[PDB]
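> 3D, please:
(5 chains)
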Amino acid sequence: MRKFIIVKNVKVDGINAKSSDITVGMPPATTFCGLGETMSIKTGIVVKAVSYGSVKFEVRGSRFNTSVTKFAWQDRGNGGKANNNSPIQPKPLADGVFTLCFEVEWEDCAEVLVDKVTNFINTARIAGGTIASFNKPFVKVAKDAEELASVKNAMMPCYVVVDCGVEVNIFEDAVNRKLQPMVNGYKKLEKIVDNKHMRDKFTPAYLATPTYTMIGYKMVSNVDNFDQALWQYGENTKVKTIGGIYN
Amino acid sequence: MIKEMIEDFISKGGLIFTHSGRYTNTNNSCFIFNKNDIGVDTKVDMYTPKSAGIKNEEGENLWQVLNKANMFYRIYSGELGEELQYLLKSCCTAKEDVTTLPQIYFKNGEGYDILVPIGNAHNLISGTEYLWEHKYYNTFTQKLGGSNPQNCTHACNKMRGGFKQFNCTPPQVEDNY
Amino acid sequence: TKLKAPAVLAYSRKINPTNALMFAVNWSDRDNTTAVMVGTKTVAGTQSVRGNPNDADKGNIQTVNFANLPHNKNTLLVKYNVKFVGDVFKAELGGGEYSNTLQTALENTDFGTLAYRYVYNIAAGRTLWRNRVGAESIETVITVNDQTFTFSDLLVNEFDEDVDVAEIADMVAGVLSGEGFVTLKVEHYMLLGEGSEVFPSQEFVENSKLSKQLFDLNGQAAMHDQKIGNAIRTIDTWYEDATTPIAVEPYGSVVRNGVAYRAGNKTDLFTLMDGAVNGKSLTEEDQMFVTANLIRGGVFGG
Amino acid sequence: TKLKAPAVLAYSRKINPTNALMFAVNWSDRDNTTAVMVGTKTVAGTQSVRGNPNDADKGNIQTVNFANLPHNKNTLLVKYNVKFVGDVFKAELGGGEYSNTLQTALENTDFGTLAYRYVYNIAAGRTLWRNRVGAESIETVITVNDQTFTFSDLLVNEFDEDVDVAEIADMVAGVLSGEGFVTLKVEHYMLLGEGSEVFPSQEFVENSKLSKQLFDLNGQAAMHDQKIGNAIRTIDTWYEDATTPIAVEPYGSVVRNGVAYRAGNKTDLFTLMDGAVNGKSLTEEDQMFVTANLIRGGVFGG
DNA sequence: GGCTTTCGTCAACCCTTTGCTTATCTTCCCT
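Numbers count the residues shown, from 1 in each chain, chains lettered A, B, ... in the order given. And now the structure:
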């Protein structure tokens, strides 16, 4: 027995489009799983999965180059060079209207759940982008599978993410089978021995290289199983769909 | 010559890596050589201060010669000598810096790990070469180091045309329906 | 003694504006919102570069994205929201020693002047650089917590006293000095005239096809959110030989004009930040400058 | 000792005309305005070409956008709005030293003559480019600040002294030498005759498929703002061997004749602003040329 | 003894120019 809260038409601008070194565009499912665990921390409603779809999404720039951001002189000790233009590190920006659907388990009324999600989203930040606007979130429940599809079709219109898996690698199949690659998680390289320059000193830290899976965009109504669009934190330091690989 | 080049590299800072946060930020300078992902066609990046190093008679630095005909895997599997394996591995070190790098939390089960995502160098170089070779034009092109990318990375110093990354834009929803 | 700064001390952005969608309305019917579309024209002119007398004679053809009002609407409407977020002293990467002693030196910041200059940059039309000039009459409508204000004539280069912007600044300073958030939905009604060219954000993009490429959002002319964020924080009238307000930068640096007004004269963010942490009696105006930098946010490498 | 210009020193444009919509009226019925529609006609003629005389006998089929007056209205009307904005000396991208020393070296410029030549180019109908030939009378109605100003017969190659162009140019020079803005609502009534063919701006197109493609706004024949802006600043009678007024470029360069009237002989704009910044006293029309460049705008650096 | 400023050091490309998908609808039945 499943419960969901849907925030439709989440207009967000200033999204850090740099998903990884080789992916620029839509934020991956690690971003929205991070947003889900962020509310698990601030609001206390513990979130299993998030199904996110893109209503609108434009990467700022041309069709072959992204619009770089005019950097500001914010480091310490480079005064005197501040009159000249700051050097640009690559961070593409994008705008996106999203539709989010969080699997939550809740025991109180739907009004306080909607208010808690609204108070989170008013202080949230989708992929480094300020949430410009969002409709009032609404609670829908998936008692059975037809009710699961009711929740699924309540995200209309949006293009959700379905996992199609890695056959050999990322570049090969992106040309061959023409699917989109995105960060489904990370791979740990080395333990980090210096916790002085970090957010926490006690949380263990690892250098990571983003693993990618290959995904497709399908409209949420054309997705047969809603579990193939709900991304959640898998126990391989990755994220994964509940329904597995989309067929 | 090749040993001449490996030692030219070693007199300098001398780092060979497969992953780095140098692509994310040029001020970062964290260089990581992962051992498990080295294969037959694994492109491999290297760092020198201001991409310094002498060229050969055909005008190539160490980055060209170590990256065609699987030469880095040939030195890595020691078909050209075990003392050369040593020279290569003397440059293959893991230098770490977390400043000017993203630090996110990833759930590891009843707890979180602070992951610092650094970009794979083989992904950048081999993806640029392959997606220019296989005519995949659903992409963005980004010059990483800036105006003069030799202070960034040897691959940014040589591939000045920019690296190929995937255009990850989703399809739009037409409003008029 | 001598509490040093963290190497990678960072603060989040507390003035978060949205993208300024440009619509076309009439001064009469300001409810007839019509997406100003980014068009693409091609331009014949003469190439006149500092070192080009030899090639001055020949032409110069550039494809340029333009954005003009339609010839039936004489008013440019600008849509954005501005979310002022609290917890302006909560560093997310810097440690709890330098940042907390930084914070406890900054409760004596008069947040009222910061909020007044932020809302005055919102209301006077500072976020409308090249299209606030040539406008017959500007009109800013600010809606916050189901209550609406209107401003007709506010001169943008100085902050004169009016009770309406100060009344918004009361709740903005309450949010910034305290907790929570506040959001001002801003409606700019700019009587530019019939078919007057509007000025959206241009993009820093390598484009072979378009010499000038504007910012669009579904084709609709729009302005960058960080552009409006630069506009709102353009409050710094406290640097050395201060004449015009510049943007709150760590070094007071407009790289647009090639001049950094707070670099080298010991009045940047880092020297005043170390003085505030290490117990040196910071002035009120330097206090407000450091607080404005913390409101803007940033990472500080050193 | 030599003050080099900034690398990114640029000036915004100060004369901002709109796209000039053409309507059809009568010399009497100026209230009956019907939009001049851009039609498309397929036209066959001879091959011509300077070379290849073997294919002279073959035909030549080209599809051309045309714009004609209807056979019930004999007058072509051209509407546009010229916005003269002030602050012509504040460089938006170079404000500092050079730019500001150019200002102090250009304070005593005769803005009255520059504004007179601008308002005369609007008033004599030079913004009409090839429409003027065949027009029996060109009547210009300029509405400044709700101020109807009628002009009937002004010769274009010289700026003869009248009182109405000077009356508009008084406050146009007050805007240009100072701050603020002024808007000129300009209508051109030209007795071109019954069914006369009018000449709008033509787009630059590289995909071809149509030999002449006229500029249109929702189908109505219109003129590019750049053409009107070129004709307004056609005031430069101060080049070497000056016979006709040319447009103000940094190099004095017109591209039809394939020449540059001010390049190669030390009176192009960059040399003159380098002299004026470095304390070399320019002559009066020299300062008027440099200030007309700053009113036109452009980028002067590198 | 670091420390912060400014000047000197080291370079060199082969590019390509839209779809990705493509929207949440009536049989029985009796009241």
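
> can you count the residues close to residue C:171?
Residue C:171 is flanked by 18 other residues according to other Cβ atoms under 10 Å in any protein chain shown. For every residue, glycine as well, the C-beta is placed using N, CA and C.

> Look up phi and psi at residue 117.
Reading this off chain A. Main-chain dihedrals, residue A:117, degrees, to the nearest 10: phi -70, psi -40.

> Switch to chain C, please.
Main-chain torsions, residue C:117, degrees, to the nearest 10: phi -70, psi -30.

> residues in contact with it?
Neighbouring residues of residue C:117 by Cβ atoms under 8 Å, 6 or more residues apart in numbering or on different chains: C:159, C:235, C:245.

> Out of these, which are close to chain D?
Among these, no residue lies close to chain D (Cβ under 8 Å from any Cβ of the partner chain).

> Helices - which of these land there?
Among the contacts of residue C:117, DSSP state H puts none in helices.

> Redo those residues as TSV? Include neighbour count and distance to chain A.
Shown next, in TSV, are the contacts of residue C:117 (neighbours: other Cβ atoms under 10 Å in any protein chain shown; distance: Cβ to the nearest Cβ, whole Å):
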residue	neighbour count	distance to chain A
C:159	18	23
C:235	25	15
C:245	21	17
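
> need those residues in a markdown table with distance to chain B, can you?
Formatted as a markdown table, the contacts of residue C:117 follow (distance: Cβ to the nearest Cβ, whole Å):
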| residue | distance to chain B |
| --- | --- |
| C:159 | 36 |
| C:235 | 28 |
| C:245 | 30 |
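
> What is the nearest of those residues to residue B:20?
The shortest approach to residue B:20 among these belongs to residue C:235, at 39.2 Å (Cβ to Cβ).

> Wait, residue A:49 touches residue A:229, no?
No. In this structure, residue A:49 is not within contact of residue A:229 by Cβ atoms under 8 Å, at 9.1 Å.

> Torsion angles phi and psi at the closest residue to chain D within the stretch 101-250 of chain C?
Going by Cβ to the nearest Cβ, chain D is nearest to residue C:195 of the stretch 101-250 of chain C, at 4.0 Å. Main-chain dihedrals, residue C:195, degrees, to the nearest 10: phi 70, psi 20.

> Next up, the contacts around it.
Shown in contact with residue C:195 (Cβ under 8 Å, 6+ apart): C:68-71, D:18-19, D:21, D:80-81, D:217.

> which of these sit farthest apart?
Farthest-apart pair in these is C:70 and D:80; separation 14.6 Å (Cβ to Cβ).

> Have a look at these two and say which one is more surrounded.
residue D:80 (23 against 14).

> which residues does residue C:178 contact?
Residue C:178 makes contacts with residue C:86, as judged by Cβ under 8 Å, 6+ apart.

> For the residue positioned nearest the centre of chain B, which non-adjacent residue is closest in space?
Residue closest to the average C-alpha location in chain B (Cα atoms, centre = their mean): residue B:121, at 2.9 Å. Computed as Cβ to Cβ, 6 or more residues apart in numbering or on different chains, the closest residue to residue B:121 that is not its neighbour in sequence is residue B:45, at 3.6 Å.

> And for residue A:46?
Of all residues not flanking residue A:46 in the chain, residue A:40 sits nearest, at 4.8 Å (Cβ to Cβ, 6+ apart).

> doesn't that neighbour fall inside a helix?
Yes. According to DSSP: H, G, I helix; E, B strand; the rest coil, residue A:40 belongs to a helix.

> Pretty sure it sits against residue A:50.
No. Checked against Cβ under 8 Å, the pair residue A:40 and residue A:50 is beyond contact range at 10.7 Å.

> buried residues in the lengthiest helix in chain B?
The single longest helix within chain B, with elements called by DSSP H, is helix B:121-133. Buried residues in helix B:121-133, counted by 16 or more other Cβ atoms under 10 Å in any protein chain shown: B:121-128, B:130-131.

> could you list every residue that touches residue A:143?
Counting by Cβ under 8 Å, 6+ apart, residue A:143 touches A:1-2.

> let's see it at 6 Å
Contacts were defined as Cβ atoms under 6 Å, 6 or more residues apart in numbering or on different chains; by that measure residue A:143 touches residue A:1.

> One more: residue A:43?
Shown in contact with residue A:43 (Cβ under 6 Å, 6+ apart): A:116, A:120.

> all helices for the stretch 101-250 of chain C, in order.
Using DSSP state H, counting those that start in this stretch, the helices of the stretch 101-250 of chain C run over residues C:111-123, C:163-177, C:225-232.

> from the ones you listed, which stretch is densest packed?
helix C:111-123 (a mean of 25; mean count of other Cβ atoms under 10 Å in any protein chain shown).

> Check the offset of it from the chain's centre.
Remark: helix C:111-123 is offset 12 Å from the chain centroid, using Cα atoms, centre = their mean, to the nearest Å.

> helix/strand/coil for the residue in chain A that chain D sits nearest to?
Chain A approaches chain D most closely through residue A:85 (8.5 Å), counting by Cβ to the nearest Cβ. Secondary structure assignment for residue A:85 (three-state DSSP): coil.

> residues in contact with the very next helix or strand once past the longest helix of chain B?
Using DSSP states H and E, the helix or strand that follows helix B:121-133 towards the C-terminus is strand B:139-142. Contacts to strand B:139-142, defined as Cβ under 6 Å, 6+ apart, come from residues A:24, A:64, A:66, A:90, B:131, B:162-165, B:167.

> Tell me the strands beside strand B:139-142, with direction?
Strand B:139-142 has the following sheet partners, assigned by DSSP bridges: strand B:163-168 (antiparallel).

> Not counting the partner strand itself, show me its contacts.
Taking contacts as Cβ under 6 Å, 6+ apart, the residues outside strand B:163-168 that touch it are A:19, A:22-26, A:181, B:124, B:127-128, B:131, B:138-140, B:142.

> again, only using 7 Å
With Cβ atoms under 7 Å, 6 or more residues apart in numbering or on different chains as the test, strand B:163-168 has contacts from A:19, A:21-26, A:174, A:180-182, B:124, B:127-128, B:131-132, B:138-142, B:144.

> Check whether residue B:104 really touches residue B:115, as I assumed.
Yes. With contact defined as Cβ atoms under 7 Å, residue B:104 reaches residue B:115; the gap is 5.6 Å.

> neighbour count winner among those two?
Between residue B:104 and residue B:115, counting by other Cβ under 10 Å, residue B:115 is the more crowded of the two (25 against 16).

> I'd like to know how far that one sits from chain D.
Per Cβ to the nearest Cβ, to the nearest Å, residue B:115 is found 40 Å from chain D.

> What is the three-state secondary structure of that residue?
Here residue B:115 is recorded as strand under three-state DSSP.
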